[PDB]
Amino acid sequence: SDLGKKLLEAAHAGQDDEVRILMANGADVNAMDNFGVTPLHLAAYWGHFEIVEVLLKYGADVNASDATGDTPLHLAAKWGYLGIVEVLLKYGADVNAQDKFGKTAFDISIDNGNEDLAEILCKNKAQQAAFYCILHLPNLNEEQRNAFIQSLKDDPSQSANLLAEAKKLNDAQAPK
């Protein structure tokens, strides 16, 4: 009933500067329509990268689901928008989230033949799985955590190697 509406519209239309001044005037960056479609949904779906970036920078809920079960990661995946997918992944887009058909952004990417997209999605899921492991390995104080998380960013090739250490560490740091 004011700015949110205008924002959803400008996001849909790809009018960058219009989106950015609406923001600077206080628009709810997560304004929804009657389908719970957010500005981030429309920009992802319609290919407006800079707008996606602007909305994320302003605290857009990167993992928002509309009433239909779609996330912006799902929407971007159908069109093979590499840049858009990359930047959603940077802001914490959820590679595990499933749409109405039980599909992930990876499944969609596989469905539409988009190999470039599937790859990015694939190695993101794998590196996150690695990160998540470290963070829930009980026998690790907040120091030894950072030690491993960092060394996973600096050598994602020796990752599976590194997880194996973090576990044998965890098993030597246990009441065995």
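Numbers follow the displayed sequence, beginning with 1.
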>> Regarding 59-67 and 142-150, which shows the higher C-alpha temperature factor on average in the entry?
In response: 142-150
> Mean C-alpha B-factor higher for 165-173, or for 2-10?
Replying inline: 165-173
> At the C-alpha atoms, which of 41, 48, 136, 125 reaches the highest B-factor in this entry?
Replying inline: 136
> Of the options 107, 28, 115, 53, which has the highest CA B factor as deposited?
Replying inline: 115
>> Based on the deposited C-alpha B factors for this chain, I'd like to know if residue 16 is in the lowest, middle or highest third.
In response: lowest
